[PDB]
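Participant: This one is data18.pdb, PDB, N, CA and C atoms.
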```
ATOM      1  N   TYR A  49       0.858  -1.222   0.000
ATOM      2  CA  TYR A  49       0.000   0.000   0.000
ATOM      3  C   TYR A  49       0.883   1.258   0.000
ATOM      4  N   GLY A  50       0.840   2.038  -1.059
ATOM      5  CA  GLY A  50       1.669   3.290  -1.118
ATOM      6  C   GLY A  50       2.850   3.139  -2.093
ATOM      7  N   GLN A  51       2.977   2.009  -2.751
ATOM      8  CA  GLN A  51       4.110   1.815  -3.713
ATOM      9  C   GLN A  51       3.967   2.790  -4.889
ATOM     10  N   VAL A  52       5.028   3.472  -5.234
ATOM     11  CA  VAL A  52       4.969   4.446  -6.371
ATOM     12  C   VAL A  52       6.283   4.416  -7.162
ATOM     13  N   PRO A  53       6.217   4.882  -8.390
ATOM     14  CA  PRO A  53       7.392   4.953  -9.291
ATOM     15  C   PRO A  53       8.418   5.933  -8.703
ATOM     16  N   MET A  54       9.679   5.581  -8.736
ATOM     17  CA  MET A  54      10.733   6.484  -8.175
ATOM     18  C   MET A  54      10.776   7.782  -8.995
ATOM     19  N   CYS A  55      10.634   8.915  -8.346
ATOM     20  CA  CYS A  55      10.648  10.221  -9.087
ATOM     21  C   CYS A  55      12.072  10.788  -9.172
ATOM     22  N   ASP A  56      12.350  11.540 -10.209
ATOM     23  CA  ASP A  56      13.706  12.155 -10.369
ATOM     24  C   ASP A  56      13.737  13.513  -9.629
ATOM     25  N   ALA A  57      14.881  14.148  -9.580
ATOM     26  CA  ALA A  57      15.004  15.467  -8.876
ATOM     27  C   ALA A  57      14.202  16.557  -9.619
ATOM     28  N   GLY A  58      14.374  16.672 -10.917
ATOM     29  CA  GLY A  58      13.626  17.714 -11.701
ATOM     30  C   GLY A  58      12.271  17.164 -12.174
ATOM     31  N   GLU A  59      12.219  15.895 -12.517
ATOM     32  CA  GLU A  59      10.943  15.272 -13.001
ATOM     33  C   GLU A  59       9.762  15.688 -12.105
ATOM     34  N   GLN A  60       8.582  15.758 -12.666
ATOM     35  CA  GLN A  60       7.387  16.166 -11.870
ATOM     36  C   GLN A  60       6.956  15.041 -10.919
ATOM     37  N   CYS A  61       6.971  15.306  -9.633
ATOM     38  CA  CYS A  61       6.551  14.267  -8.636
ATOM     39  C   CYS A  61       5.069  14.450  -8.258
ATOM     40  N   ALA A  62       4.473  15.551  -8.645
ATOM     41  CA  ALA A  62       3.035  15.810  -8.314
ATOM     42  C   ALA A  62       2.547  17.055  -9.074
ATOM     43  N   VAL A  63       1.380  16.994  -9.671
ATOM     44  CA  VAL A  63       0.872  18.183 -10.438
ATOM     45  C   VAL A  63      -0.111  19.007  -9.594
ATOM     46  N   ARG A  64       0.153  20.283  -9.456
ATOM     47  CA  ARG A  64      -0.763  21.176  -8.682
ATOM     48  C   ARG A  64      -1.658  21.926  -9.677
ATOM     49  N   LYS A  65      -2.889  21.501  -9.805
ATOM     50  CA  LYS A  65      -3.822  22.157 -10.768
ATOM     51  C   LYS A  65      -5.271  21.782 -10.431
ATOM     52  N   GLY A  66      -6.213  22.587 -10.858
ATOM     53  CA  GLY A  66      -7.652  22.303 -10.563
ATOM     54  C   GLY A  66      -7.930  22.579  -9.086
ATOM     55  N   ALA A  67      -7.420  21.746  -8.214
ATOM     56  CA  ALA A  67      -7.640  21.949  -6.749
ATOM     57  C   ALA A  67      -6.660  21.080  -5.950
ATOM     58  N   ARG A  68      -6.704  19.780  -6.146
ATOM     59  CA  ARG A  68      -5.787  18.866  -5.392
ATOM     60  C   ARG A  68      -4.502  18.593  -6.198
ATOM     61  N   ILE A  69      -3.547  17.941  -5.580
ATOM     62  CA  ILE A  69      -2.260  17.629  -6.275
ATOM     63  C   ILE A  69      -2.361  16.272  -6.982
ATOM     64  N   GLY A  70      -1.713  16.140  -8.112
ATOM     65  CA  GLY A  70      -1.739  14.846  -8.864
ATOM     66  C   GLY A  70      -0.432  14.104  -8.598
ATOM     67  N   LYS A  71      -0.453  13.130  -7.720
ATOM     68  CA  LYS A  71       0.796  12.371  -7.386
ATOM     69  C   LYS A  71       1.340  11.639  -8.624
ATOM     70  N   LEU A  72       2.634  11.704  -8.842
ATOM     71  CA  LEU A  72       3.247  11.012 -10.022
ATOM     72  C   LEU A  72       4.298  10.003  -9.534
ATOM     73  N   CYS A  73       5.258  10.463  -8.764
ATOM     74  CA  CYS A  73       6.333   9.556  -8.242
ATOM     75  C   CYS A  73       6.886  10.126  -6.928
ATOM     76  N   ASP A  74       7.561   9.323  -6.143
ATOM     77  CA  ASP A  74       8.119   9.834  -4.851
ATOM     78  C   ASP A  74       9.489  10.492  -5.089
ATOM     79  N   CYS A  75       9.801  11.507  -4.326
ATOM     80  CA  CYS A  75      11.110  12.213  -4.497
ATOM     81  C   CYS A  75      12.257  11.387  -3.892
ATOM     82  N   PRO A  76      13.380  11.407  -4.576
ATOM     83  CA  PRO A  76      14.608  10.675  -4.166
ATOM     84  C   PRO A  76      15.065  11.127  -2.766
ATOM     85  N   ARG A  77      15.591  10.205  -1.980
ATOM     86  CA  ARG A  77      16.059  10.537  -0.589
ATOM     87  C   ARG A  77      16.832  11.863  -0.588
ATOM     88  N   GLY A  78      16.412  12.799   0.228
ATOM     89  CA  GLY A  78      17.098  14.129   0.279
ATOM     90  C   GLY A  78      16.269  15.175  -0.477
ATOM     91  N   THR A  79      15.315  14.750  -1.277
ATOM     92  CA  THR A  79      14.472  15.724  -2.037
ATOM     93  C   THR A  79      12.996  15.542  -1.661
ATOM     94  N   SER A  80      12.294  16.628  -1.489
ATOM     95  CA  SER A  80      10.848  16.564  -1.115
ATOM     96  C   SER A  80       9.970  16.911  -2.333
ATOM     97  N   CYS A  81       8.670  16.857  -2.173
ATOM     98  CA  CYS A  81       7.754  17.174  -3.314
ATOM     99  C   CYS A  81       7.246  18.616  -3.187
ATOM    100  N   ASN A  82       7.736  19.506  -4.019
ATOM    101  CA  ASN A  82       7.282  20.930  -3.956
ATOM    102  C   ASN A  82       5.968  21.085  -4.739
ATOM    103  N   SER A  83       4.875  21.327  -4.050
ATOM    104  CA  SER A  83       3.550  21.490  -4.741
ATOM    105  C   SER A  83       3.504  22.815  -5.524
ATOM    106  N   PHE A  84       4.385  23.744  -5.224
ATOM    107  CA  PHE A  84       4.397  25.051  -5.959
ATOM    108  C   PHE A  84       5.246  24.910  -7.228
ATOM    109  N   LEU A  85       6.436  24.377  -7.083
ATOM    110  CA  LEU A  85       7.359  24.206  -8.250
ATOM    111  C   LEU A  85       7.086  22.877  -8.976
ATOM    112  N   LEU A  86       6.490  21.916  -8.301
ATOM    113  CA  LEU A  86       6.209  20.581  -8.936
ATOM    114  C   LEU A  86       7.543  19.871  -9.247
ATOM    115  N   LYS A  87       8.547  20.127  -8.441
ATOM    116  CA  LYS A  87       9.887  19.488  -8.634
ATOM    117  C   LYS A  87      10.288  18.777  -7.332
ATOM    118  N   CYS A  88      11.293  17.935  -7.373
ATOM    119  CA  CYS A  88      11.720  17.227  -6.128
ATOM    120  C   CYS A  88      12.699  18.110  -5.346
ATOM    121  N   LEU A  89      12.182  19.070  -4.619
ATOM    122  CA  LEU A  89      13.051  19.977  -3.810
ATOM    123  C   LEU A  89      12.862  19.643  -2.321
TER     124      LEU A  89
END
```
Let me see the file written as structure tokens.
Facilitator:
Amino acid sequence: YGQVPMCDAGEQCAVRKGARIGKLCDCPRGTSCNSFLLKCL
């Protein structure tokens, strides 16, 4: 439960649009999911 594709540092890990965020992949250890930039920061 919660398994997701490994996300890259610049690759989009979640899309912020419409209202809620669209999860795509998890950010690599050391990088978080920026809902404003949509990057692994």
Participant: Report as a PDB file with N, CA and C atoms, keeping the file's coordinate frame the full result of the PyMOL selection byres (((chain A and resi 74 and name CA) around 10) and name CA) when it is applied to this structure.
Facilitator:
```pdb
ATOM      1  N   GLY A  50       0.840   2.038  -1.059  1.00  0.00           N
ATOM      2  CA  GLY A  50       1.669   3.290  -1.118  1.00  0.00           C
ATOM      3  C   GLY A  50       2.850   3.139  -2.093  1.00  0.00           C
ATOM      4  N   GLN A  51       2.977   2.009  -2.751  1.00  0.00           N
ATOM      5  CA  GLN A  51       4.110   1.815  -3.713  1.00  0.00           C
ATOM      6  C   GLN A  51       3.967   2.790  -4.889  1.00  0.00           C
ATOM      7  N   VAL A  52       5.028   3.472  -5.234  1.00  0.00           N
ATOM      8  CA  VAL A  52       4.969   4.446  -6.371  1.00  0.00           C
ATOM      9  C   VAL A  52       6.283   4.416  -7.162  1.00  0.00           C
ATOM     10  N   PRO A  53       6.217   4.882  -8.390  1.00  0.00           N
ATOM     11  CA  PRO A  53       7.392   4.953  -9.291  1.00  0.00           C
ATOM     12  C   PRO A  53       8.418   5.933  -8.703  1.00  0.00           C
ATOM     13  N   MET A  54       9.679   5.581  -8.736  1.00  0.00           N
ATOM     14  CA  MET A  54      10.733   6.484  -8.175  1.00  0.00           C
ATOM     15  C   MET A  54      10.776   7.782  -8.995  1.00  0.00           C
ATOM     16  N   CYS A  55      10.634   8.915  -8.346  1.00  0.00           N
ATOM     17  CA  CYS A  55      10.648  10.221  -9.087  1.00  0.00           C
ATOM     18  C   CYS A  55      12.072  10.788  -9.172  1.00  0.00           C
ATOM     19  N   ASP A  56      12.350  11.540 -10.209  1.00  0.00           N
ATOM     20  CA  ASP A  56      13.706  12.155 -10.369  1.00  0.00           C
ATOM     21  C   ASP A  56      13.737  13.513  -9.629  1.00  0.00           C
ATOM     22  N   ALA A  57      14.881  14.148  -9.580  1.00  0.00           N
ATOM     23  CA  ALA A  57      15.004  15.467  -8.876  1.00  0.00           C
ATOM     24  C   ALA A  57      14.202  16.557  -9.619  1.00  0.00           C
ATOM     25  N   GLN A  60       8.582  15.758 -12.666  1.00  0.00           N
ATOM     26  CA  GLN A  60       7.387  16.166 -11.870  1.00  0.00           C
ATOM     27  C   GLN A  60       6.956  15.041 -10.919  1.00  0.00           C
ATOM     28  N   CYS A  61       6.971  15.306  -9.633  1.00  0.00           N
ATOM     29  CA  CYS A  61       6.551  14.267  -8.636  1.00  0.00           C
ATOM     30  C   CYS A  61       5.069  14.450  -8.258  1.00  0.00           C
ATOM     31  N   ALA A  62       4.473  15.551  -8.645  1.00  0.00           N
ATOM     32  CA  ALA A  62       3.035  15.810  -8.314  1.00  0.00           C
ATOM     33  C   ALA A  62       2.547  17.055  -9.074  1.00  0.00           C
ATOM     34  N   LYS A  71      -0.453  13.130  -7.720  1.00  0.00           N
ATOM     35  CA  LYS A  71       0.796  12.371  -7.386  1.00  0.00           C
ATOM     36  C   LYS A  71       1.340  11.639  -8.624  1.00  0.00           C
ATOM     37  N   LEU A  72       2.634  11.704  -8.842  1.00  0.00           N
ATOM     38  CA  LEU A  72       3.247  11.012 -10.022  1.00  0.00           C
ATOM     39  C   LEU A  72       4.298  10.003  -9.534  1.00  0.00           C
ATOM     40  N   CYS A  73       5.258  10.463  -8.764  1.00  0.00           N
ATOM     41  CA  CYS A  73       6.333   9.556  -8.242  1.00  0.00           C
ATOM     42  C   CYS A  73       6.886  10.126  -6.928  1.00  0.00           C
ATOM     43  N   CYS A  75       9.801  11.507  -4.326  1.00  0.00           N
ATOM     44  CA  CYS A  75      11.110  12.213  -4.497  1.00  0.00           C
ATOM     45  C   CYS A  75      12.257  11.387  -3.892  1.00  0.00           C
ATOM     46  N   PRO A  76      13.380  11.407  -4.576  1.00  0.00           N
ATOM     47  CA  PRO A  76      14.608  10.675  -4.166  1.00  0.00           C
ATOM     48  C   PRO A  76      15.065  11.127  -2.766  1.00  0.00           C
ATOM     49  N   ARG A  77      15.591  10.205  -1.980  1.00  0.00           N
ATOM     50  CA  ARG A  77      16.059  10.537  -0.589  1.00  0.00           C
ATOM     51  C   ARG A  77      16.832  11.863  -0.588  1.00  0.00           C
ATOM     52  N   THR A  79      15.315  14.750  -1.277  1.00  0.00           N
ATOM     53  CA  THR A  79      14.472  15.724  -2.037  1.00  0.00           C
ATOM     54  C   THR A  79      12.996  15.542  -1.661  1.00  0.00           C
ATOM     55  N   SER A  80      12.294  16.628  -1.489  1.00  0.00           N
ATOM     56  CA  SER A  80      10.848  16.564  -1.115  1.00  0.00           C
ATOM     57  C   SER A  80       9.970  16.911  -2.333  1.00  0.00           C
ATOM     58  N   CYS A  81       8.670  16.857  -2.173  1.00  0.00           N
ATOM     59  CA  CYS A  81       7.754  17.174  -3.314  1.00  0.00           C
ATOM     60  C   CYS A  81       7.246  18.616  -3.187  1.00  0.00           C
ATOM     61  N   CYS A  88      11.293  17.935  -7.373  1.00  0.00           N
ATOM     62  CA  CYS A  88      11.720  17.227  -6.128  1.00  0.00           C
ATOM     63  C   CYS A  88      12.699  18.110  -5.346  1.00  0.00           C
TER      64      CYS A  88
END
```
Participant: Selection in question (the file shown): the PyMOL selection byres (((chain A and resi 64 and name CA) around 10) and name CA). Which residues does it include, as a PyMOL selection string?
Facilitator: chain A and resi 62-63+65-71+82-86
Participant: Kindly list the centre and edge lengths in Å, rounded to one decimal, for the axis-aligned box that covers all listed atoms of range 51-58 of chain A plus 5 Å on each of its six sides, as JSON.
Facilitator:
```
{"center_x": 9.0, "center_y": 9.8, "center_z": -7.5, "size_x": 22.0, "size_y": 25.9, "size_z": 19.4}
```
Participant: Extract the full set of strand (DSSP E) residues from chain A according to DSSP on the backbone, and format it as a ChimeraX atom specification.
Facilitator: /A:62-64,69-71
